[PDB]
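Data first, discussion second: the structure below is written as structure tokens.
Protein chains in written order, with our numbering: chain B, 27 to 575; chain C, 17 to 29.
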């Protein structure tokens, strides 16, 4: 059927078969220039890589490594979307009736990688599937499955990593060690199209993590790191970033001293520590390590004392023996602080707060949940997802290159020097839309931003708003209802604070809810059509209700 | 700071 596609679409009367010559014109029609020229150069590298062209000796008379060659082909195919079809035919021509035993194998490797990193256009898809269908029984199903995967999970944003080239010769699946905050590391099977959403799902099913919202996948190399989220990014395309960093640093592409952590980035505005035990355990560890390192850094001593005391209850209980306490404190407190004063004053203060608060003498889970809740309150900014955003038009946010950190407390705009310029509660967020621009409207000021992640950052806020909205038991009245002889109805004025009395704002399927009026104190029936639910989980202050009018 | 997480290195955008 690829014969029929060539007969119909091949522009220069090009051979449907193998050629050992350059190409004077591209196989398909390209109205755009550059695409036209790129098609021919790509072709030159495909051939030089399959051995069908001699590689030069120390335009393209220039040499390159076969790795550099692959990167060239796949690279053009990603950056320029049209060539994606042309290139496939280019590797089909050379793989149809290729009688050199090695050239065939190299071509099919090139389909392994290219079918790893991008899709065909809609028009050409089925034909490619048929040509793969009559493949060698070795790579035949391999490439079909790689194409199904890639077609599902999107276009890779990077050319194949060295690790993938290995996987292609192996025709296998890739093992990857993911470090949990416990220090134990779960090894996961991964292919080219693997996504941090998928990987996090696998970690969940592995350690049984039911409350997964906010667990992200971080990647660390060479005293630098970034996040893959639980979102739709491809970790192979992070590993490629790391490789192209290591080659920049001079080490080998296969040197690869990178690592993947499974870490808690988010805290949801509805976060309940007592909901999941597993989450509480991983994020307990993550917290304590963070205190050891100085990531999570205390502003007041009593808080640190209380954390250490809790930790002792978790590891010790109501037994106070300074042989155990003076043993734990050096390991928990960071070096910088533990050196600041004597272990006698340290064990004495930890045991002091221990005796004071623990008078109940509480499951260890309870104390761990307590310290998780403590963390969530103390460090809203360190538990935020960070984005880079550049302001275009707004007042009160003068900066034009900024860092937006979204977290459970709200949106926070950050100075390049880390001072917070503008805070926003989600109750104050009147809309956030992506166009690569972003339109943020608050209750008072409207802004416009250009950030690359804008879609994502408009999505996350949406996820947080809807979340709150479904849990919101608070509402404001829109129109009035004057009281009647009917005492079933609830009186209210415009802008009243209606509390909706164990109606989660989720239940809007019904058109009636009952509640009480915060001003009146009267309690009665309200039409759900007169309610505007406020996305807060605590009673909204007068300050917030004056703005909402 | 926020951008520098001790033990993981520096972020990137």
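We put the beta carbon where it would ideally sit given N, CA and C, even for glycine.
Query	Result
Quick check on residue 240/B - is its C-beta less than 8 Å from some C-beta in chain C?	no
Select from 521/B, 555/B, 61/B the residue whose C-alpha is nearest the C-alpha of residue 533/B.	555/B
Can you name the residues of chain C whose CB is closer than 8 Å to the CB of residue 252/B?	27, 28, 29
By the 7 Å beta-carbon criterion, what residues does the region 294-314 of chain B contribute toward chain C?	none
Along chain C, which residues have their Cβ under 7 Å away from the Cβ of residue 244/B?	24
Going by DSSP, name the residue or residues bridged to residue 553/B.	538/B
Is residue 392/B close to chain C, meaning its C-beta is less than 8 Å from at least one C-beta of that chain?	no
On a CA-only basis, which of 75/B, 145/B, 541/B is nearest residue 121/B? Give me that one, please.	75/B
What does the alpha-carbon distance come out to for the pair residue 59/B and residue 175/B?	31 Å
Relative to the alpha-carbon of residue 348/B, which residue among 542/B, 332/B, 373/B has its alpha-carbon at the smallest distance?	373/B
What residue range is occupied by the uninterrupted alpha helix (DSSP H) comprising residue 167/B?	166-179
Count Cβ pairs between the region 286-302 of chain B and the region 195-208 of chain B that sit closer than 8 Å; are there 3 or more?	yes
From the DSSP output, which residues share a beta bridge with residue 203/B?	213/B
Taking 8 Å as the threshold (beta carbon to beta carbon), is residue 412/B in contact with chain C?	yes
Please compile the residues from chain C whose C-beta is within a distance smaller than 9 Å of the C-beta of residue 263/B.	Ordered by position in chain C, no residue passes the 9 Å Cβ test against residue 263/B, which lies about 14 Å from the chain.
My assumption, with CB atoms under 8 Å, is that residue 560/B sits in contact with residue 486/B. Please give the rounded CB distance.	No, residue 560/B and residue 486/B are not in contact; Cβ-Cβ is about 20 Å, not under 8 Å.
What residues of chain C sit near residue 407/B, judged by a beta carbon separation below 9 Å?	18
Output needed for residue 316/B: all residues of its chain with C-beta closer than 7 Å, excluding positions within five of it in sequence on either side, in chain order.	322
Output yes or no for whether 8 Å exceeds the beta carbon distance between residue 23/B and residue 96/B.	This structure cannot speak to residue 23/B, because chain B is shown only from 27 to 575.
Out of 196/B, 231/B, 87/B, point me to the one whose CA is closest to residue 217/B's CA.	196/B
Who are residue 419/B's beta bridge partners in DSSP?	474/B
At 4 residues or longer, and completely inside the region 273-354 of chain B: list those alpha helix (DSSP H) runs for me, N to C.	303-319, 327-341
Which term fits residue 111/B, buried or exposed, when burial requires 16 or more other beta carbons within 10 angstroms of its beta carbon?	buried
I'd like to know whether the C-beta atoms of residue 220/B and residue 260/B end up nearer to each other than 8 Å.	yes
Between the region 313-345 of chain B and chain C, which residues of the former have CB atoms less than 7 Å from a CB of the latter, in chain order?	319, 320, 321
Closer than 7 Å by C-beta to residue 172/B: which residues in its own chain qualify, once you throw out the five before and the five after it? Chain order, please.	138, 141, 142, 218
Return the residue from the list 249/B, 191/B, 231/B, 213/B that minimises the CA-CA distance to residue 280/B.	191/B
Who are the neighbours of residue 440/B on chain C, taking C-beta pairs under 8 Å?	18
Please state whether DSSP places residue 239/B in a helix, a strand or coil.	coil
Compare the Cα-Cα distances from residue 459/B to each of 145/B, 550/B, 481/B, 453/B and report the closest residue.	481/B
Using only CA atoms, which one of 44/B, 185/B, 188/B, 233/B lies nearest to residue 207/B?	233/B
Going along the chain, which unbroken runs of the beta strand (DSSP E) with 3 or more residues stay wholly within the region 379-420 of chain B?	411-419
Output yes or no for whether 8 Å exceeds the beta carbon distance between residue 210/B and residue 302/B.	no
Could you tell me the alpha carbon to alpha carbon distance between residue 131/B and residue 255/B, rounded to whole angstroms?	37 Å
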